[PDB]
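Take a look at the structure tokens below, where one protein chain is shown in two forms, each on its own, as structure 1 and structure 2.
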Structure 1
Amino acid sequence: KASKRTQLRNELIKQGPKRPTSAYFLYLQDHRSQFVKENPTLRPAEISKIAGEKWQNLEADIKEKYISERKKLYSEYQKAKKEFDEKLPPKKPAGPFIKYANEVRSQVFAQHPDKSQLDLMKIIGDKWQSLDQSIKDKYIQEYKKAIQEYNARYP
């Protein structure tokens, strides 16, 4: 259940740029009217089933075109997505354990090549548990500066 700030982001992200239409769908729009002219008898659900197999069928010249147009459209979206996401309110600084895990995950993975990252996180948890206090405090004190700057920057 999202909290007040995640609702805001979620609501803010929702008004962000939307993913571009599928490459097929661009081809569908062009031959949608023709296709209705091809057949008024069949259901709209039937419409898309027959139309679907047209797309597989198209010669590469026309097909690829659409695909390429989708590539170009997606690229325009992804630029907007990066600039949109950078501008929106920042999440809170990660906690002491997270920063620690982030520093040692690389060595812990090399010492456990078989383990998935979920098991790495379990491992790093017990590593954090066994950490000396003084070492933990370094992460805890470091977090204090983190939210301190975060609170002074964003009061």
Structure 2
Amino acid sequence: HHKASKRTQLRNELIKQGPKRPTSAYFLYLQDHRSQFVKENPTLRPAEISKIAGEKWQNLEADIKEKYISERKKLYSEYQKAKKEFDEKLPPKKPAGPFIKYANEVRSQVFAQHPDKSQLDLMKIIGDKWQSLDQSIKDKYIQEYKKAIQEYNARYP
């Protein structure tokens, strides 16, 4: 929907060269037994080899499905750490605006009072609450943002 701004493009390009999600468990069984399914089944398309591997997967003994599941869990948590560290060194986004700040304060109370509404209807309610605020109260949130952006610009000139 929203065409990436030039700061967002850099962030997106930076992200694209960071750590990536590890492979799935089912895939791990493939990478170990790729030369075994062709040696054993040399007569169907490469896509058909995959279909029997998935049939093999749904009917395979549980110990087996667990072993390679264990490997995905190890690979993912090391990716989790690696992604966490990377993400922290990324160029920080701008501070949220006055409304976002207000919304992140009253959201708990508003949900507690409208538990029947979806979050999207909740944000509609929160948006109308902001519109209704006393001007001196909006000013508090506009001043918080002024302080936040002044600090942000002092930290990244």
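Numbering for residues begins at 1 and runs along the sequence of structure 1. In this text, rigid core is short for the largest set of C-alphas that superpose within 1.5 Å between two forms.
Core superposition between structures 1 and 2 leaves every listed residue (104, 47, 28, 58) with a C-alpha shift below 2 angstroms except 58. Superposed on the rigid core, the forms differ at residue 116: its CA is offset by 1.1 Å between structures 1 and 2. Note on residue 137: its Cα is shifted 0.4 Å between structures 1 and 2, core used for superposition.
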